[PDB]
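Below is upload04.pdb, holding PDB, C-alpha atoms.
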ATOM      1  CA  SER A   1       7.901 -25.162   7.785
ATOM      2  CA  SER A   2       5.608 -23.614  10.413
ATOM      3  CA  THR A   3       2.394 -21.637  10.919
ATOM      4  CA  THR A   4       1.817 -18.380  12.815
ATOM      5  CA  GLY A   5      -0.766 -15.634  13.174
ATOM      6  CA  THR A   6      -0.441 -11.866  12.858
ATOM      7  CA  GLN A   7      -2.811  -9.049  13.882
ATOM      8  CA  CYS A   8      -2.676  -5.278  13.344
ATOM      9  CA  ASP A   9      -4.720  -2.140  13.884
ATOM     10  CA  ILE A  10      -3.581   1.502  14.152
TER      11      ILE A  10
ATOM     12  CA  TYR B   1       0.548 -24.144 -12.633
ATOM     13  CA  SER B   2       0.821 -20.959 -10.554
ATOM     14  CA  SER B   3      -0.535 -17.450 -11.118
ATOM     15  CA  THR B   4       0.342 -14.070  -9.592
ATOM     16  CA  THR B   5      -2.228 -11.435  -8.574
ATOM     17  CA  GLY B   6      -2.590  -8.342  -6.394
ATOM     18  CA  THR B   7      -5.515  -7.234  -4.234
ATOM     19  CA  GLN B   8      -6.353  -3.878  -2.673
ATOM     20  CA  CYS B   9      -9.037  -2.899  -0.153
ATOM     21  CA  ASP B  10      -9.913   0.145   1.932
ATOM     22  CA  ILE B  11     -13.384  -0.373   3.289
TER      23      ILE B  11
ATOM     24  CA  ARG C   1     -23.460  -9.705   5.806
ATOM     25  CA  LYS C   2     -23.240  -9.032   2.053
ATOM     26  CA  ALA C   3     -20.941 -11.368   0.132
ATOM     27  CA  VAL C   4     -19.163  -9.897  -2.900
ATOM     28  CA  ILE C   5     -16.623 -11.932  -4.889
ATOM     29  CA  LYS C   6     -13.874  -9.620  -6.175
ATOM     30  CA  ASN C   7     -11.332 -11.973  -7.781
ATOM     31  CA  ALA C   8     -11.684 -15.754  -8.048
ATOM     32  CA  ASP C   9      -9.697 -18.536  -9.660
ATOM     33  CA  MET C  10     -11.771 -21.299  -8.123
ATOM     34  CA  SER C  11     -14.847 -23.456  -8.756
ATOM     35  CA  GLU C  12     -18.386 -22.173  -8.120
ATOM     36  CA  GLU C  13     -19.087 -24.343  -5.081
ATOM     37  CA  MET C  14     -15.584 -24.037  -3.657
ATOM     38  CA  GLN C  15     -16.199 -20.274  -3.779
ATOM     39  CA  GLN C  16     -19.509 -20.839  -2.002
ATOM     40  CA  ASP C  17     -17.599 -22.867   0.570
ATOM     41  CA  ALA C  18     -15.221 -19.980   1.192
ATOM     42  CA  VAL C  19     -18.189 -17.717   1.931
ATOM     43  CA  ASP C  20     -19.960 -20.249   4.180
ATOM     44  CA  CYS C  21     -16.769 -20.945   6.102
ATOM     45  CA  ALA C  22     -15.973 -17.226   6.473
ATOM     46  CA  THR C  23     -19.551 -16.733   7.705
ATOM     47  CA  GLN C  24     -19.078 -19.331  10.471
ATOM     48  CA  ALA C  25     -15.760 -17.690  11.406
ATOM     49  CA  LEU C  26     -17.314 -14.235  11.714
ATOM     50  CA  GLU C  27     -20.085 -15.631  13.936
ATOM     51  CA  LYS C  28     -17.629 -17.211  16.378
ATOM     52  CA  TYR C  29     -14.622 -14.844  16.389
ATOM     53  CA  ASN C  30     -14.086 -11.075  16.309
ATOM     54  CA  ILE C  31     -10.339 -10.910  15.888
ATOM     55  CA  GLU C  32      -9.119 -10.898  12.290
ATOM     56  CA  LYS C  33      -6.253 -13.306  13.021
ATOM     57  CA  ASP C  34      -8.613 -15.817  14.672
ATOM     58  CA  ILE C  35     -11.107 -15.455  11.847
ATOM     59  CA  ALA C  36      -8.242 -16.002   9.400
ATOM     60  CA  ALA C  37      -7.174 -19.048  11.390
ATOM     61  CA  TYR C  38     -10.644 -20.628  11.249
ATOM     62  CA  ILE C  39     -10.992 -20.362   7.471
ATOM     63  CA  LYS C  40      -7.440 -21.551   6.769
ATOM     64  CA  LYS C  41      -7.734 -24.645   8.945
ATOM     65  CA  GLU C  42     -11.056 -25.728   7.472
ATOM     66  CA  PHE C  43      -9.739 -25.449   3.913
ATOM     67  CA  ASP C  44      -6.702 -27.518   4.884
ATOM     68  CA  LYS C  45      -9.140 -30.141   6.173
ATOM     69  CA  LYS C  46     -11.701 -30.341   3.350
ATOM     70  CA  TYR C  47      -9.456 -29.594   0.359
ATOM     71  CA  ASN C  48      -5.976 -30.699   1.541
ATOM     72  CA  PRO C  49      -3.116 -28.378   2.658
ATOM     73  CA  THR C  50      -1.689 -25.859   2.193
ATOM     74  CA  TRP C  51      -3.843 -22.711   2.416
ATOM     75  CA  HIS C  52      -3.145 -19.187   3.698
ATOM     76  CA  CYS C  53      -5.730 -16.634   4.843
ATOM     77  CA  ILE C  54      -5.716 -12.860   5.297
ATOM     78  CA  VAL C  55      -8.705 -11.017   6.788
ATOM     79  CA  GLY C  56      -8.911  -7.265   7.175
ATOM     80  CA  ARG C  57     -10.476  -3.935   6.284
ATOM     81  CA  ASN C  58      -7.310  -2.325   4.952
ATOM     82  CA  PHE C  59      -4.537  -4.120   3.096
ATOM     83  CA  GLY C  60      -3.065  -4.782  -0.287
ATOM     84  CA  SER C  61      -1.445  -8.037  -1.318
ATOM     85  CA  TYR C  62       0.680  -9.576  -4.036
ATOM     86  CA  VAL C  63       0.818 -13.334  -3.802
ATOM     87  CA  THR C  64       1.432 -16.299  -6.087
ATOM     88  CA  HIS C  65      -1.309 -18.886  -5.985
ATOM     89  CA  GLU C  66      -1.675 -22.404  -7.304
ATOM     90  CA  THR C  67      -4.282 -22.461 -10.082
ATOM     91  CA  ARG C  68      -7.995 -22.958  -9.312
ATOM     92  CA  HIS C  69      -7.191 -22.190  -5.672
ATOM     93  CA  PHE C  70      -7.554 -18.444  -5.176
ATOM     94  CA  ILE C  71     -10.370 -16.303  -3.844
ATOM     95  CA  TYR C  72     -10.610 -12.677  -2.770
ATOM     96  CA  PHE C  73     -13.985 -11.500  -1.498
ATOM     97  CA  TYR C  74     -15.778  -9.125   0.839
ATOM     98  CA  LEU C  75     -18.058 -10.511   3.501
ATOM     99  CA  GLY C  76     -19.861  -7.617   5.105
ATOM    100  CA  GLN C  77     -17.298  -5.133   6.374
ATOM    101  CA  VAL C  78     -14.100  -7.160   5.896
ATOM    102  CA  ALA C  79     -12.092  -8.420   2.938
ATOM    103  CA  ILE C  80     -10.877 -11.995   2.844
ATOM    104  CA  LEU C  81      -7.958 -13.421   0.907
ATOM    105  CA  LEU C  82      -7.680 -17.211   0.777
ATOM    106  CA  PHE C  83      -5.299 -19.199  -1.416
ATOM    107  CA  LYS C  84      -3.040 -22.196  -1.992
ATOM    108  CA  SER C  85       0.535 -21.043  -2.650
TER     109      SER C  85
ATOM    110  CA  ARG D   1      10.180   5.742   9.094
ATOM    111  CA  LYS D   2      10.075   3.831  12.380
ATOM    112  CA  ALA D   3      10.733   0.116  11.932
ATOM    113  CA  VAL D   4       9.496  -2.366  14.552
ATOM    114  CA  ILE D   5       9.859  -6.124  14.040
ATOM    115  CA  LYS D   6       6.936  -8.056  15.575
ATOM    116  CA  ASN D   7       7.621 -11.670  14.670
ATOM    117  CA  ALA D   8      10.567 -12.896  12.649
ATOM    118  CA  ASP D   9      11.651 -16.376  11.652
ATOM    119  CA  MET D  10      14.461 -14.992   9.519
ATOM    120  CA  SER D  11      18.149 -14.028   9.740
ATOM    121  CA  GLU D  12      19.026 -10.627  11.186
ATOM    122  CA  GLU D  13      20.540  -9.590   7.873
ATOM    123  CA  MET D  14      17.610 -10.630   5.692
ATOM    124  CA  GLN D  15      15.351  -8.886   8.202
ATOM    125  CA  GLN D  16      17.268  -5.630   7.819
ATOM    126  CA  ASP D  17      17.019  -6.130   4.060
ATOM    127  CA  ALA D  18      13.217  -6.512   4.282
ATOM    128  CA  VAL D  19      13.112  -3.166   6.086
ATOM    129  CA  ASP D  20      15.406  -1.470   3.527
ATOM    130  CA  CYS D  21      13.405  -2.922   0.630
ATOM    131  CA  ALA D  22      10.068  -1.861   2.144
ATOM    132  CA  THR D  23      11.497   1.631   2.685
ATOM    133  CA  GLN D  24      12.291   1.802  -1.052
ATOM    134  CA  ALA D  25       8.731   0.659  -1.804
ATOM    135  CA  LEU D  26       7.134   3.371   0.324
ATOM    136  CA  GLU D  27       9.373   5.974  -1.280
ATOM    137  CA  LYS D  28       8.180   4.990  -4.763
ATOM    138  CA  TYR D  29       4.531   3.879  -4.200
ATOM    139  CA  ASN D  30       1.483   4.894  -2.141
ATOM    140  CA  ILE D  31      -0.925   2.049  -2.842
ATOM    141  CA  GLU D  32      -0.529  -1.003  -0.604
ATOM    142  CA  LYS D  33      -0.893  -3.471  -3.476
ATOM    143  CA  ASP D  34       1.964  -1.783  -5.366
ATOM    144  CA  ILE D  35       4.154  -1.652  -2.259
ATOM    145  CA  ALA D  36       3.535  -5.368  -1.667
ATOM    146  CA  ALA D  37       4.296  -6.063  -5.324
ATOM    147  CA  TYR D  38       7.587  -4.192  -5.127
ATOM    148  CA  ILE D  39       8.648  -6.088  -2.025
ATOM    149  CA  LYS D  40       7.525  -9.508  -3.304
ATOM    150  CA  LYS D  41       9.226  -9.150  -6.702
ATOM    151  CA  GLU D  42      12.495  -7.939  -5.149
ATOM    152  CA  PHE D  43      12.632 -10.826  -2.682
ATOM    153  CA  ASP D  44      11.790 -13.247  -5.494
ATOM    154  CA  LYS D  45      14.692 -11.655  -7.383
ATOM    155  CA  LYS D  46      17.351 -11.765  -4.646
ATOM    156  CA  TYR D  47      16.432 -14.894  -2.674
ATOM    157  CA  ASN D  48      14.513 -17.036  -5.220
ATOM    158  CA  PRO D  49      10.726 -17.600  -5.547
ATOM    159  CA  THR D  50       8.220 -18.008  -4.141
ATOM    160  CA  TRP D  51       7.505 -15.083  -1.819
ATOM    161  CA  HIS D  52       4.173 -13.500  -0.867
ATOM    162  CA  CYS D  53       3.668 -10.031   0.633
ATOM    163  CA  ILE D  54       0.861  -8.262   2.488
ATOM    164  CA  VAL D  55       0.916  -4.561   3.296
ATOM    165  CA  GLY D  56      -1.734  -2.805   5.355
ATOM    166  CA  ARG D  57      -2.940  -0.806   8.333
ATOM    167  CA  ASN D  58      -5.722  -3.195   9.288
ATOM    168  CA  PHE D  59      -5.516  -6.964   8.799
ATOM    169  CA  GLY D  60      -4.939 -10.268  10.524
ATOM    170  CA  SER D  61      -3.356 -13.343   9.000
ATOM    171  CA  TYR D  62      -2.775 -17.049   9.420
ATOM    172  CA  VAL D  63      -0.284 -18.482   6.951
ATOM    173  CA  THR D  64       2.016 -21.520   6.673
ATOM    174  CA  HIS D  65       5.583 -20.372   6.139
ATOM    175  CA  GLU D  66       8.930 -21.912   5.269
ATOM    176  CA  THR D  67      11.475 -22.166   8.079
ATOM    177  CA  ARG D  68      13.751 -19.082   8.210
ATOM    178  CA  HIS D  69      11.590 -17.318   5.597
ATOM    179  CA  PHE D  70       8.957 -15.403   7.576
ATOM    180  CA  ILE D  71       8.770 -11.822   8.791
ATOM    181  CA  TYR D  72       6.062  -9.491  10.089
ATOM    182  CA  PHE D  73       6.876  -5.861  10.873
ATOM    183  CA  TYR D  74       5.743  -2.270  11.019
ATOM    184  CA  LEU D  75       7.412   0.500   9.048
ATOM    185  CA  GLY D  76       5.974   3.870   9.898
ATOM    186  CA  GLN D  77       2.204   3.477  10.092
ATOM    187  CA  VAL D  78       1.911   0.360   7.919
ATOM    188  CA  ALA D  79       2.225  -3.359   8.752
ATOM    189  CA  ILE D  80       4.061  -5.742   6.449
ATOM    190  CA  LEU D  81       3.842  -9.520   6.146
ATOM    191  CA  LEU D  82       6.408 -11.244   3.917
ATOM    192  CA  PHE D  83       6.989 -14.989   3.637
ATOM    193  CA  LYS D  84       7.737 -18.102   1.591
ATOM    194  CA  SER D  85       5.203 -20.927   1.717
TER     195      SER D  85
END
How does this structure look as structure tokens?
Amino acid sequence: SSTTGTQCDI
Amino acid sequence: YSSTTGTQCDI
Amino acid sequence: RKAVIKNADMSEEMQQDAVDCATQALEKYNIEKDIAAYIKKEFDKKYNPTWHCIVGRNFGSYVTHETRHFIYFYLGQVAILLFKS
Amino acid sequence: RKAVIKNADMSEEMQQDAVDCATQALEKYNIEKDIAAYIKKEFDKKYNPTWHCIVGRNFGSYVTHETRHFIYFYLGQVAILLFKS
């Protein structure tokens, strides 16, 4: 179990 | 007790 | 910032808390991921883990949420999805 | 069309599956919610519940995922988040 961020545009 | 639902946005 | 609740399986004041929290996040951060981080972490804290947050202007989702722990709302020009699995 | 894996905590095979499955979804559906539904149901079917999927061109996220059950990728001009809690 872990935590992580994602970010998108385009 | 779990439920399943969809969301949609374009704004 | 106009708040509009789209879909909610969640108590009145917990919903209000989602809006308030999201408001603080939008005041501090501009990046959707960081905004998402802020909200998620505060809901872990006040209402116990484990929450997940999605913030954006364009996305669709299909998730399974624990009962009484789901909100989907607009706050100004972004949509926010917050839920316990 | 063009697949690009951004972050993956997931086997190379199950990654390639996620791509193949998402490709099927885009072939059949146009609406992000439906695409996400297709992907989530299929992964629930082949690798057991509970999966959650987000499909979009503009969003950020912060979620808590199961070890070896997290992927985030682009496929053509759409981003896809798929994970178990």
> So which residues get picked by the PyMOL selection byres ((chain D and resi 65) around 9) here, written as a VMD selection string?
Replying inline: (chain A and resid 1 to 4) or (chain D and resid 63 to 64 66 to 70 83 to 85)
Output C-alpha atoms for every residue in the selection just made, as a PDB file, keeping the file's coordinate frame.
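Resulting contents of selection_5.pdb:
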ATOM      1  CA  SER A   1       7.901 -25.162   7.785  1.00  0.00           C
ATOM      2  CA  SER A   2       5.608 -23.614  10.413  1.00  0.00           C
ATOM      3  CA  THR A   3       2.394 -21.637  10.919  1.00  0.00           C
ATOM      4  CA  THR A   4       1.817 -18.380  12.815  1.00  0.00           C
TER       5      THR A   4
ATOM      6  CA  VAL D  63      -0.284 -18.482   6.951  1.00  0.00           C
ATOM      7  CA  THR D  64       2.016 -21.520   6.673  1.00  0.00           C
ATOM      8  CA  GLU D  66       8.930 -21.912   5.269  1.00  0.00           C
ATOM      9  CA  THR D  67      11.475 -22.166   8.079  1.00  0.00           C
ATOM     10  CA  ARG D  68      13.751 -19.082   8.210  1.00  0.00           C
ATOM     11  CA  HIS D  69      11.590 -17.318   5.597  1.00  0.00           C
ATOM     12  CA  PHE D  70       8.957 -15.403   7.576  1.00  0.00           C
ATOM     13  CA  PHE D  83       6.989 -14.989   3.637  1.00  0.00           C
ATOM     14  CA  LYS D  84       7.737 -18.102   1.591  1.00  0.00           C
ATOM     15  CA  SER D  85       5.203 -20.927   1.717  1.00  0.00           C
TER      16      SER D  85
END
>> If the PyMOL selection byres ((chain C) within 10 of (chain A)) were run on this exact file, what residues would it hold? Put them as a PyMOL selection string.
In response: chain C and resi 31-34+36-37+52-58
>> Starting from the PyMOL selection byres ((chain B and resi 8) around 6), expand the selection into actual residues of this file and give them as a ChimeraX atom specification.
In response: /B:7,9 /C:60 /D:33
Would you mind aligning chain D to chain C, a least-squares fit over all C-alpha atoms taken in order, and returning the superposed chain as a JSON list (two decimals) with C-alpha atoms, in the coordinates of the input?
[["chain", "number", "residue", "atom", "x", "y", "z"],
["D", 1, "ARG", "CA", -23.66, -10.38, 5.76],
["D", 2, "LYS", "CA", -23.25, -9.11, 2.20],
["D", 3, "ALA", "CA", -20.89, -11.27, 0.15],
["D", 4, "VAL", "CA", -19.15, -9.80, -2.91],
["D", 5, "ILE", "CA", -16.56, -11.80, -4.86],
["D", 6, "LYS", "CA", -13.81, -9.56, -6.28],
["D", 7, "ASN", "CA", -11.40, -11.96, -7.94],
["D", 8, "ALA", "CA", -11.77, -15.72, -8.03],
["D", 9, "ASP", "CA", -9.68, -18.41, -9.66],
["D", 10, "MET", "CA", -11.78, -21.14, -8.07],
["D", 11, "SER", "CA", -14.87, -23.27, -8.77],
["D", 12, "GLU", "CA", -18.28, -21.75, -8.10],
["D", 13, "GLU", "CA", -18.96, -24.37, -5.46],
["D", 14, "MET", "CA", -15.69, -23.96, -3.56],
["D", 15, "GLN", "CA", -16.27, -20.20, -3.74],
["D", 16, "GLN", "CA", -19.68, -20.55, -2.10],
["D", 17, "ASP", "CA", -18.01, -22.76, 0.49],
["D", 18, "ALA", "CA", -15.40, -20.06, 1.23],
["D", 19, "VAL", "CA", -18.27, -17.65, 1.89],
["D", 20, "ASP", "CA", -20.14, -20.14, 4.13],
["D", 21, "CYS", "CA", -16.94, -20.96, 6.04],
["D", 22, "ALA", "CA", -16.05, -17.28, 6.52],
["D", 23, "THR", "CA", -19.60, -16.65, 7.75],
["D", 24, "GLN", "CA", -19.08, -19.34, 10.42],
["D", 25, "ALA", "CA", -15.78, -17.67, 11.37],
["D", 26, "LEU", "CA", -17.35, -14.24, 11.85],
["D", 27, "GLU", "CA", -20.12, -15.78, 13.92],
["D", 28, "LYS", "CA", -17.59, -17.35, 16.31],
["D", 29, "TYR", "CA", -14.67, -14.84, 16.32],
["D", 30, "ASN", "CA", -14.09, -11.06, 16.28],
["D", 31, "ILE", "CA", -10.33, -10.84, 15.84],
["D", 32, "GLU", "CA", -9.11, -10.99, 12.24],
["D", 33, "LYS", "CA", -6.24, -13.35, 13.05],
["D", 34, "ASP", "CA", -8.66, -15.85, 14.61],
["D", 35, "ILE", "CA", -11.10, -15.55, 11.71],
["D", 36, "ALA", "CA", -8.25, -16.19, 9.25],
["D", 37, "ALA", "CA", -7.11, -19.14, 11.36],
["D", 38, "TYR", "CA", -10.59, -20.66, 11.34],
["D", 39, "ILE", "CA", -10.87, -20.33, 7.57],
["D", 40, "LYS", "CA", -7.33, -21.58, 6.85],
["D", 41, "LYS", "CA", -7.62, -24.65, 9.10],
["D", 42, "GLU", "CA", -11.03, -25.61, 7.68],
["D", 43, "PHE", "CA", -9.82, -25.37, 4.08],
["D", 44, "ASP", "CA", -6.70, -27.34, 5.01],
["D", 45, "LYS", "CA", -9.09, -29.91, 6.51],
["D", 46, "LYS", "CA", -11.54, -30.25, 3.60],
["D", 47, "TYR", "CA", -9.34, -29.64, 0.54],
["D", 48, "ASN", "CA", -5.82, -30.58, 1.76],
["D", 49, "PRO", "CA", -2.92, -28.28, 2.80],
["D", 50, "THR", "CA", -1.48, -25.83, 2.25],
["D", 51, "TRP", "CA", -3.82, -22.84, 2.45],
["D", 52, "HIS", "CA", -3.13, -19.29, 3.66],
["D", 53, "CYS", "CA", -5.73, -16.72, 4.73],
["D", 54, "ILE", "CA", -5.78, -12.95, 5.22],
["D", 55, "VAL", "CA", -8.70, -11.10, 6.78],
["D", 56, "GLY", "CA", -8.90, -7.33, 7.06],
["D", 57, "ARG", "CA", -10.47, -3.96, 6.37],
["D", 58, "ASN", "CA", -7.31, -2.33, 5.07],
["D", 59, "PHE", "CA", -4.61, -4.21, 3.15],
["D", 60, "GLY", "CA", -3.16, -4.88, -0.27],
["D", 61, "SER", "CA", -1.51, -8.08, -1.41],
["D", 62, "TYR", "CA", 0.62, -9.67, -4.09],
["D", 63, "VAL", "CA", 0.82, -13.44, -3.82],
["D", 64, "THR", "CA", 1.61, -16.41, -6.09],
["D", 65, "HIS", "CA", -1.30, -18.83, -6.08],
["D", 66, "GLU", "CA", -2.06, -22.32, -7.33],
["D", 67, "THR", "CA", -4.35, -22.60, -10.34],
["D", 68, "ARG", "CA", -8.02, -22.96, -9.30],
["D", 69, "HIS", "CA", -7.10, -22.27, -5.65],
["D", 70, "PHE", "CA", -7.41, -18.50, -5.22],
["D", 71, "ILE", "CA", -10.20, -16.28, -3.96],
["D", 72, "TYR", "CA", -10.54, -12.69, -2.75],
["D", 73, "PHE", "CA", -13.88, -11.42, -1.44],
["D", 74, "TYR", "CA", -15.76, -9.15, 0.91],
["D", 75, "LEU", "CA", -18.17, -10.44, 3.53],
["D", 76, "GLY", "CA", -19.92, -7.62, 5.31],
["D", 77, "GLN", "CA", -17.31, -4.96, 6.05],
["D", 78, "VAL", "CA", -14.24, -7.22, 5.93],
["D", 79, "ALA", "CA", -12.06, -8.38, 3.01],
["D", 80, "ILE", "CA", -10.82, -11.96, 2.79],
["D", 81, "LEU", "CA", -7.90, -13.43, 0.85],
["D", 82, "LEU", "CA", -7.62, -17.22, 0.74],
["D", 83, "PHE", "CA", -5.24, -19.24, -1.44],
["D", 84, "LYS", "CA", -2.87, -22.16, -1.96],
["D", 85, "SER", "CA", 0.70, -21.36, -2.97]]
> Taking all atoms listed in the file into account, which of C:81, C:71, C:42, C:61 comes nearest chain B?
Replying inline: C:61
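Note that the spacing between atom CA of residue 76 of chain D and atom CA of residue 24 of chain D amounts to 12.8 Å.
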